[PDB]
$ cat run.cif   # mmCIF, C-alpha atoms and all ligand atoms
data_start
#
loop_
_atom_site.label_atom_id
_atom_site.label_comp_id
_atom_site.auth_asym_id
_atom_site.auth_seq_id
_atom_site.Cartn_x
_atom_site.Cartn_y
_atom_site.Cartn_z
CA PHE A 1 78.58 4.95 38.82
CA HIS A 2 77.55 7.64 36.35
CA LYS A 3 76.31 6.17 33.07
CA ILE A 4 77.87 7.51 29.85
CA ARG A 5 76.26 6.97 26.44
CA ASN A 6 78.26 5.12 23.79
CA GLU A 7 77.43 7.90 21.32
CA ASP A 8 79.24 10.41 23.56
CA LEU A 9 82.50 8.39 23.46
CA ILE A 10 85.07 8.26 20.66
CA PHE A 11 87.74 5.55 20.80
CA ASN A 12 91.21 6.55 19.66
CA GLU A 13 94.61 4.91 19.93
CA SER A 14 95.38 1.83 21.98
CA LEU A 15 97.48 2.70 25.03
CA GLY A 16 98.11 -0.85 26.26
CA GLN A 17 96.55 -3.86 27.94
CA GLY A 18 95.69 -5.11 31.40
CA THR A 19 94.47 -8.42 32.79
CA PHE A 20 91.55 -9.30 30.46
CA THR A 21 91.31 -5.62 29.46
CA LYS A 22 92.37 -3.29 26.65
CA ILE A 23 93.18 0.39 27.19
CA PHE A 24 92.46 3.23 24.78
CA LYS A 25 92.72 6.98 24.62
CA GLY A 26 89.33 8.48 23.85
CA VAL A 27 87.15 11.59 23.82
CA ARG A 28 83.95 12.21 25.78
CA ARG A 29 81.50 14.83 24.54
CA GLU A 30 79.84 16.28 27.63
CA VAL A 31 78.07 19.31 29.04
CA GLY A 32 80.43 20.75 31.64
CA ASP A 33 80.35 23.58 34.15
CA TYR A 34 78.18 26.60 33.27
CA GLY A 35 76.57 24.44 30.58
CA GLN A 36 79.62 24.76 28.31
CA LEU A 37 80.12 21.93 25.83
CA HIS A 38 83.43 20.07 26.14
CA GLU A 39 85.25 17.31 24.31
CA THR A 40 87.40 15.80 27.05
CA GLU A 41 90.31 13.41 26.68
CA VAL A 42 89.42 10.26 28.61
CA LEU A 43 90.91 6.87 29.46
CA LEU A 44 88.71 4.06 28.11
CA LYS A 45 89.31 0.67 29.76
CA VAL A 46 87.45 -2.16 28.01
CA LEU A 47 86.86 -5.57 29.55
CA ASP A 48 87.39 -8.31 26.97
CA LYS A 49 84.10 -9.78 25.75
CA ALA A 50 85.48 -13.32 26.15
CA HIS A 51 85.94 -12.48 29.86
CA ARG A 52 82.57 -10.75 30.33
CA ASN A 53 82.03 -13.06 33.32
CA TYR A 54 84.48 -10.92 35.33
CA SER A 55 82.41 -7.76 34.77
CA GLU A 56 81.31 -7.38 38.40
CA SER A 57 84.86 -7.68 39.73
CA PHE A 58 86.07 -5.44 36.89
CA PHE A 59 83.70 -2.69 37.98
CA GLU A 60 84.10 -3.35 41.71
CA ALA A 61 87.81 -2.58 41.38
CA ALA A 62 86.87 0.90 40.19
CA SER A 63 84.08 1.32 42.76
CA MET A 64 86.69 1.02 45.52
CA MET A 65 88.54 3.98 44.02
CA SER A 66 85.33 6.03 43.68
CA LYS A 67 84.13 5.69 47.29
CA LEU A 68 86.90 8.03 48.50
CA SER A 69 88.27 11.27 47.05
CA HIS A 70 92.00 12.03 47.26
CA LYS A 71 94.55 13.97 45.23
CA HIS A 72 96.60 10.77 44.68
CA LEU A 73 93.75 8.51 43.45
CA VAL A 74 92.70 8.33 39.80
CA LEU A 75 89.38 9.97 38.93
CA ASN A 76 86.58 7.76 37.60
CA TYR A 77 84.24 9.59 35.23
CA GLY A 78 81.75 6.77 34.79
CA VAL A 79 80.90 3.60 32.92
CA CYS A 80 79.58 2.80 29.45
CA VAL A 81 77.61 -0.45 29.39
CA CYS A 82 75.80 0.20 26.09
CA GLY A 83 75.46 -2.87 23.90
CA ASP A 84 77.84 -5.75 24.54
CA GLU A 85 80.63 -3.62 26.05
CA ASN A 86 81.83 -3.09 29.62
CA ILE A 87 83.72 0.21 29.53
CA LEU A 88 85.34 2.07 32.42
CA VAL A 89 85.73 5.81 31.75
CA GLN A 90 88.57 7.39 33.76
CA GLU A 91 90.77 10.48 33.61
CA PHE A 92 93.43 10.52 30.92
CA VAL A 93 96.91 10.99 32.40
CA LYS A 94 99.34 12.70 30.05
CA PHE A 95 102.54 10.81 30.85
CA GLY A 96 101.13 7.29 31.20
CA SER A 97 101.91 4.56 33.68
CA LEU A 98 105.00 4.58 35.87
CA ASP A 99 106.60 1.30 34.74
CA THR A 100 106.94 2.52 31.14
CA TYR A 101 108.09 5.96 32.30
CA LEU A 102 110.81 4.39 34.45
CA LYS A 103 111.95 2.15 31.59
CA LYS A 104 112.14 5.05 29.13
CA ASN A 105 113.69 7.66 31.46
CA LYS A 106 115.85 5.61 33.84
CA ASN A 107 119.01 7.46 32.76
CA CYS A 108 117.71 10.83 34.03
CA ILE A 109 115.86 9.77 37.20
CA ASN A 110 117.83 10.30 40.41
CA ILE A 111 117.31 9.37 44.06
CA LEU A 112 115.30 12.52 44.84
CA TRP A 113 112.77 11.73 42.09
CA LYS A 114 112.35 8.17 43.37
CA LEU A 115 112.09 9.42 46.95
CA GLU A 116 109.38 11.97 46.08
CA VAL A 117 107.39 9.42 44.07
CA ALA A 118 107.76 6.95 46.94
CA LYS A 119 106.53 9.51 49.47
CA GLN A 120 103.47 10.27 47.33
CA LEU A 121 102.61 6.58 46.87
CA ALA A 122 103.04 6.02 50.60
CA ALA A 123 100.71 8.97 51.23
CA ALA A 124 98.06 7.40 48.99
CA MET A 125 98.48 4.06 50.78
CA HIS A 126 98.31 5.72 54.19
CA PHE A 127 95.05 7.37 53.13
CA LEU A 128 93.76 3.93 52.12
CA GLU A 129 94.94 2.28 55.34
CA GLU A 130 93.27 4.96 57.49
CA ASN A 131 90.03 4.15 55.64
CA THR A 132 90.73 0.39 55.94
CA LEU A 133 90.34 0.07 52.16
CA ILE A 134 92.39 -2.67 50.49
CA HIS A 135 93.82 -1.89 47.07
CA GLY A 136 94.98 -5.40 46.16
CA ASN A 137 97.28 -4.65 43.22
CA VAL A 138 99.94 -2.03 44.02
CA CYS A 139 102.48 -1.98 41.18
CA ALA A 140 104.25 0.49 38.92
CA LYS A 141 101.79 -0.32 36.13
CA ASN A 142 99.00 1.01 38.36
CA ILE A 143 100.77 4.33 39.06
CA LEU A 144 100.15 7.22 36.65
CA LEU A 145 102.41 10.25 36.19
CA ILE A 146 100.20 13.35 36.16
CA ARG A 147 103.15 15.74 35.98
CA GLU A 148 106.85 15.49 35.26
CA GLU A 149 109.55 16.91 37.47
CA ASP A 150 110.58 20.49 36.63
CA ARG A 151 113.79 21.39 38.47
CA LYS A 152 113.62 24.85 36.87
CA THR A 153 110.62 25.71 39.08
CA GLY A 154 111.50 23.34 41.92
CA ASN A 155 108.41 21.35 40.94
CA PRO A 156 108.31 17.65 41.88
CA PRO A 157 106.63 14.93 39.83
CA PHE A 158 103.05 14.13 40.81
CA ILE A 159 101.56 10.63 40.65
CA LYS A 160 98.19 9.01 41.17
CA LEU A 161 97.33 5.44 42.09
CA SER A 162 94.98 3.75 39.63
CA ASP A 163 92.41 1.06 40.33
CA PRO A 164 93.68 -2.50 40.97
CA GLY A 165 91.76 -4.19 38.15
CA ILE A 166 90.09 -7.57 38.52
CA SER A 167 90.78 -8.84 42.03
CA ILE A 168 93.31 -11.57 42.78
CA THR A 169 90.51 -13.23 44.76
CA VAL A 170 88.86 -14.28 41.47
CA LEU A 171 91.80 -14.51 39.07
CA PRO A 172 93.13 -17.86 37.80
CA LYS A 173 96.04 -19.34 39.73
CA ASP A 174 98.50 -19.19 36.82
CA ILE A 175 98.03 -15.41 36.56
CA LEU A 176 98.51 -15.03 40.33
CA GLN A 177 101.74 -17.03 40.18
CA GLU A 178 102.87 -14.95 37.20
CA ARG A 179 102.28 -11.91 39.44
CA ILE A 180 104.93 -13.01 41.96
CA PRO A 181 106.51 -11.03 43.69
CA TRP A 182 103.72 -8.42 43.71
CA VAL A 183 101.25 -10.96 45.11
CA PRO A 184 102.41 -11.68 48.69
CA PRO A 185 103.13 -15.29 49.73
CA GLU A 186 100.03 -15.63 51.92
CA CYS A 187 97.86 -14.80 48.89
CA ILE A 188 99.63 -17.35 46.71
CA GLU A 189 98.88 -19.82 49.50
CA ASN A 190 95.30 -18.53 49.72
CA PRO A 191 93.96 -15.63 47.62
CA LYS A 192 91.24 -15.07 50.24
CA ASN A 193 94.05 -13.94 52.58
CA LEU A 194 93.77 -10.52 50.89
CA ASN A 195 94.29 -7.96 53.65
CA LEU A 196 95.74 -4.53 54.35
CA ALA A 197 99.14 -6.23 54.83
CA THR A 198 99.00 -7.42 51.21
CA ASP A 199 99.36 -3.79 50.15
CA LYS A 200 102.42 -3.34 52.37
CA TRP A 201 104.19 -6.25 50.66
CA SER A 202 103.21 -5.07 47.16
CA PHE A 203 104.23 -1.53 48.11
CA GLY A 204 107.68 -2.97 48.79
CA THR A 205 107.77 -4.68 45.40
CA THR A 206 106.71 -1.39 43.79
CA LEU A 207 109.52 0.49 45.54
CA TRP A 208 111.88 -2.09 44.05
CA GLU A 209 110.45 -1.25 40.60
CA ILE A 210 110.89 2.49 41.24
CA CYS A 211 114.51 1.92 42.23
CA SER A 212 115.22 -0.51 39.35
CA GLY A 213 114.58 1.72 36.32
CA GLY A 214 111.57 -0.27 35.13
CA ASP A 215 112.97 -3.79 35.52
CA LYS A 216 110.51 -6.45 36.62
CA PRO A 217 111.75 -8.33 39.70
CA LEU A 218 112.20 -12.07 39.11
CA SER A 219 111.29 -11.65 35.43
CA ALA A 220 113.89 -14.30 34.54
CA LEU A 221 112.08 -16.92 36.66
CA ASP A 222 109.12 -18.85 35.26
CA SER A 223 106.03 -19.49 37.40
CA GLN A 224 107.37 -22.66 39.03
CA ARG A 225 110.60 -20.89 40.00
CA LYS A 226 108.64 -17.91 41.37
CA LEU A 227 106.68 -20.34 43.56
CA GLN A 228 109.92 -21.92 44.76
CA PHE A 229 111.30 -18.42 45.34
CA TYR A 230 108.52 -17.97 47.88
CA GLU A 231 108.99 -21.51 49.23
CA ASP A 232 112.64 -20.85 50.10
CA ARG A 233 111.74 -17.45 51.63
CA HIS A 234 114.09 -15.42 49.46
CA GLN A 235 114.11 -11.62 49.37
CA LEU A 236 114.59 -9.50 46.29
CA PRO A 237 118.15 -8.37 45.54
CA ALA A 238 119.03 -4.83 46.50
CA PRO A 239 118.62 -2.45 43.53
CA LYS A 240 121.83 -0.96 42.13
CA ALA A 241 120.71 2.29 43.76
CA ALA A 242 120.03 0.62 47.11
CA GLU A 243 118.98 3.69 49.13
CA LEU A 244 115.53 2.16 49.75
CA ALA A 245 116.58 -1.51 49.90
CA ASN A 246 116.08 -1.92 53.65
CA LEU A 247 112.61 -0.36 53.39
CA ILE A 248 111.79 -2.68 50.48
CA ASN A 249 112.79 -5.76 52.46
CA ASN A 250 111.06 -4.55 55.65
CA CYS A 251 107.81 -4.16 53.70
CA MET A 252 108.30 -7.53 51.95
CA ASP A 253 108.17 -9.38 55.27
CA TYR A 254 107.01 -12.99 55.05
CA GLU A 255 105.16 -12.43 58.35
CA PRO A 256 102.16 -10.22 57.41
CA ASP A 257 101.56 -8.97 60.97
CA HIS A 258 105.16 -7.68 61.08
CA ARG A 259 104.89 -5.45 58.00
CA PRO A 260 105.13 -1.79 59.08
CA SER A 261 102.25 0.65 59.01
CA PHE A 262 102.30 3.22 56.25
CA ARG A 263 102.76 5.92 58.90
CA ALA A 264 106.02 4.24 59.96
CA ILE A 265 106.87 3.80 56.28
CA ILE A 266 106.38 7.54 55.73
CA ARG A 267 108.50 8.36 58.79
CA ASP A 268 111.25 6.15 57.36
CA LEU A 269 111.07 7.85 53.96
CA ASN A 270 111.25 11.28 55.61
CA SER A 271 114.31 10.18 57.60
CA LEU A 272 116.19 9.33 54.39
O1 LIG B 301 96.12 2.75 33.27
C1 LIG B 301 96.91 2.80 32.39
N1 LIG B 301 97.13 4.02 31.62
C2 LIG B 301 96.40 5.28 31.86
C3 LIG B 301 95.41 5.54 32.78
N2 LIG B 301 95.07 6.81 32.62
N3 LIG B 301 95.81 7.40 31.62
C4 LIG B 301 96.64 6.45 31.15
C5 LIG B 301 97.67 6.58 30.03
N4 LIG B 301 98.07 7.73 29.46
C6 LIG B 301 99.00 7.44 28.50
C7 LIG B 301 99.76 8.26 27.60
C8 LIG B 301 100.66 7.65 26.71
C9 LIG B 301 101.49 8.52 25.73
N5 LIG B 301 102.73 8.47 26.04
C10 LIG B 301 102.96 9.06 27.28
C11 LIG B 301 104.45 9.21 27.62
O2 LIG B 301 105.15 9.83 26.60
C12 LIG B 301 104.97 9.18 25.39
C13 LIG B 301 103.48 9.05 25.03
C14 LIG B 301 100.81 6.26 26.70
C15 LIG B 301 100.08 5.47 27.59
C16 LIG B 301 99.16 6.08 28.50
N6 LIG B 301 98.33 5.57 29.45
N7 LIG B 301 97.72 1.62 32.04
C17 LIG B 301 98.69 1.75 30.94
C18 LIG B 301 98.15 1.61 29.51
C19 LIG B 301 98.98 0.48 30.12
#
$ encode --input "run.cif" --output "structure tokens" --more "lines below"
Ligand SMILES: O=C(Nc1c[nH]nc1-c1nc2cc(CN3CCOCC3)ccc2[nH]1)NC1CC1
Amino acid sequence: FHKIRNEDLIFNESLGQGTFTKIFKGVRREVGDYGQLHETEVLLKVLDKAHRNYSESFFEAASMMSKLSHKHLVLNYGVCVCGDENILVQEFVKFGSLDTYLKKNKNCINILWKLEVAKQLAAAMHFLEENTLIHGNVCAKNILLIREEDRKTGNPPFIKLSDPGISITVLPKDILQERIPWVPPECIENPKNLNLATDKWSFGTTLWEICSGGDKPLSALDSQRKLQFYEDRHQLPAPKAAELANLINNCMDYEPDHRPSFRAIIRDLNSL
């Protein structure tokens, strides 16, 4: 990881929170190409000091994204570990995370938009699967909208997958249960069951989000009822726009070895 000096970073407005993290828009002063000086808009992700003990995992989550280069994976610029701070410096995405975008724009998002976004996310996940690299936290909150759809120029939206954050293999059990139904049942049973098939299940949950205008599946159930939801082997209800419902349920298969490869997922999306 490239080291960035605290003096080169300016913190601006809070953009949100993650698990034990706070997110800010910022500016990085840097020497760029041809030696030209730039002030670049950056994403500053700060691990809470009270949870400094997660630092390794916090940074490892980003390292996974930095080992491979792909048009659908967020760019990591570096880290700032000056003083008592653990700061991840990433690219700033203009339109924010996909969950909020779906909630705010669900009245003007049609099936073609959801299909294109789904194809792009499946392409990112197929890239990861080919490299046998587990993400571990696929969800709408970890998808960023680089570009909006422009039907005037026939231009589709463009998304990137962001880093998973602190791994579910070290997170407290109550948080994992709160993350049902993104965390697959085998990982609720044993978080060390984290595998490539995890990402297929969570991909299904994320498709449900994309089809549900920003709603959170099972949000009305508390942790105990989410657990029992897995115990009784329920599936999510079909979204009102149910064009992808069968794909969602096929990905959210309680048998991990039966979850389809992302190549088959992509073939299914292209058939629709
Ligand atoms: O990783 C995240 N966000 C980002 C990573 N890279 N860039 C971002 C990001 N970029 C963001 C930009 C906005 C500004 N809004 C955008 C949509 O239109 C209204 C204003 C808000 C939040 C944003 N988050 N998680 C989101 C904060 C909870």
$ residues_near_ligand --input "run.cif" --ligand "ligand LIG 301 (chain B)" --cutoff "6 Å" --atoms "all atoms listed in the file" --output "VMD selection string"
chain A and resid 15 to 17 23 43 91 to 97
$ closest_atom_pairs --input "run.cif" --of "stretch 171-231 of chain A" --to "stretch 255-271 of chain A" --cutoff "12 Å" --atoms "all atoms listed in the file" --output "Markdown table"
| residue | atom | partner | partner_atom | distance |
| --- | --- | --- | --- | --- |
| A:184 | CA | A:256 | CA | 8.8 |
| A:185 | CA | A:256 | CA | 9.3 |
| A:186 | CA | A:256 | CA | 8.0 |
| A:187 | CA | A:256 | CA | 10.6 |
| A:193 | CA | A:256 | CA | 10.1 |
| A:194 | CA | A:256 | CA | 10.6 |
| A:195 | CA | A:256 | CA | 9.0 |
| A:196 | CA | A:256 | CA | 9.1 |
| A:197 | CA | A:256 | CA | 5.6 |
| A:198 | CA | A:256 | CA | 7.5 |
| A:199 | CA | A:259 | CA | 9.7 |
| A:200 | CA | A:259 | CA | 6.5 |
| A:201 | CA | A:259 | CA | 7.4 |
| A:202 | CA | A:259 | CA | 11.0 |
| A:203 | CA | A:262 | CA | 9.6 |
| A:204 | CA | A:259 | CA | 9.9 |
| A:207 | CA | A:269 | CA | 11.3 |
$ atom_distance --input "run.cif" --atom1 "atom CA of residue A:192" --atom2 "atom CA of residue A:170"
9.1 Å
$ closest_residue --input "run.cif" --among "A:243, A:222, A:232, A:39" --to "residue A:178" --atoms "all atoms listed in the file"
A:222
$ residues_near_point --input "run.cif" --point "(115.6, -0.6, 34.7)" --cutoff "12 Å" --atoms "only C-alpha atoms" --output "ChimeraX atom specification"
/A:98-109,208-217,219,239-241
$ residues_around --input "run.cif" --residues "residue A:137" --least-positions-apart "6" --cutoff "9 Å" --atoms "all atoms listed in the file" --output "list in words"
residues 163, 164, 165, 167, 168, 182, 183, 198, 199 and 202 of chain A
$ residues_around --input "run.cif" --residues "residue A:19" --least-positions-apart "5" --cutoff "10 Å" --atoms "all atoms listed in the file" --output "PyMOL selection string"
chain A and resi 47-48+51+58+165-167+171+175
$ closest_residue --input "run.cif" --among "A:20, A:29, A:70, A:49" --to "residue A:131" --atoms "all atoms listed in the file"
A:70
$ closest_residue --input "run.cif" --among "A:4, A:88, A:244, A:117" --to "residue A:24" --atoms "all atoms listed in the file"
A:88
$ axis_aligned_box --input "run.cif" --around "stretch 194-199 of chain A" --padding-each-side "3 Å" --output "JSON"
{"center_x": 96.6, "center_y": -7.2, "center_z": 52.5, "size_x": 11.6, "size_y": 12.7, "size_z": 10.7}
$ residues_around --input "run.cif" --residues "residue A:224" --least-positions-apart "6" --cutoff "12 Å" --atoms "all atoms listed in the file" --output "PyMOL selection string"
chain A and resi 173-174+176-180+218+230-231
$ closest_residue --input "run.cif" --among "A:142, A:181, A:254, A:55" --to "residue A:85" --atoms "all atoms listed in the file"
A:55
